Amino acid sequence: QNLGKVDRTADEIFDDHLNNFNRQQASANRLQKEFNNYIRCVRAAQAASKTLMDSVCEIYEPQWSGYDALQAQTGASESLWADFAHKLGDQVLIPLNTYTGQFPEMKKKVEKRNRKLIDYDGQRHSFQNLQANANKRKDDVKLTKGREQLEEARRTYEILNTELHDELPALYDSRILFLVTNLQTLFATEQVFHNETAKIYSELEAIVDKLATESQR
């Protein structure tokens, strides 16, 4: 168990790059799914906190102490919930949708390499039993100058295979930097929202203590 079985062929290396990419793509699609589920669950929570606070504000009467303070600290909350939801669906989400979207076009390129490969081997075979069955050394019919056509499938496959041998691992390595940056944004957005919202709720706690002390004596 180690860091690259050193006896692999170039094709076996390519396959390993494929397993990694399939897995990278499955992991980003899942993150985008769950995060999109989180956002609307958040949005709906924002909405419910608002209609609930609108109630607390309604049933708490003007003439009681802390009333204007309550209106105020409630409005402060509406705004934190809105930064939070903006930052999630914009700053956090869009990079996720962008990183996630580069995978389908890469898969398309890989399926183009795999296709160009069975066409090229399909002409190596086809042209090797053209050399055998029909060729005399002295005459090349224009039929064995579909040799020019074989060099097309091989020039065309070569460039693609080579590009994928660099492009795939390159993309795989991008995974770390992508996540450190996305999660940094996500975790900071969460931190700020939760910590400011906390400051608000202890303000609200305090206000309600003063009404509890006054109305009790």
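Heads up: residue numbers just count along the shown sequence, starting at 1.
- 147-155 versus 30-38 - greater average Cα B-factor per the deposited record: 147-155 has the higher mean C-alpha B-factor.
- Message: Mean CA temperature factor from the deposited coordinates, higher in 78-86 or in 128-136?
- Response: Higher mean C-alpha B-factor in the PDB entry: 128-136.
- Task: Pull the Cα B-factor of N114 out of the PDB entry and bin it into the chain's lowest, middle or highest third.
- Result: Highest third.
- Message: Using only modelled residues of the chain, where does the Cα B factor of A72 rank: lowest third, middle third or highest third?
- Response: Middle third, going by the recorded CA B-factors of the chain.
- Please place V141 in the lowest, middle or highest third of its chain by C-alpha B factor as given in the entry. Ranked within chain, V141 CA B lands in the highest tercile.
- Chain thirds of CA B-factor: placement of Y120: Its C-alpha B-factor, which the entry lists for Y120, ranks in the highest third among residues of this chain.
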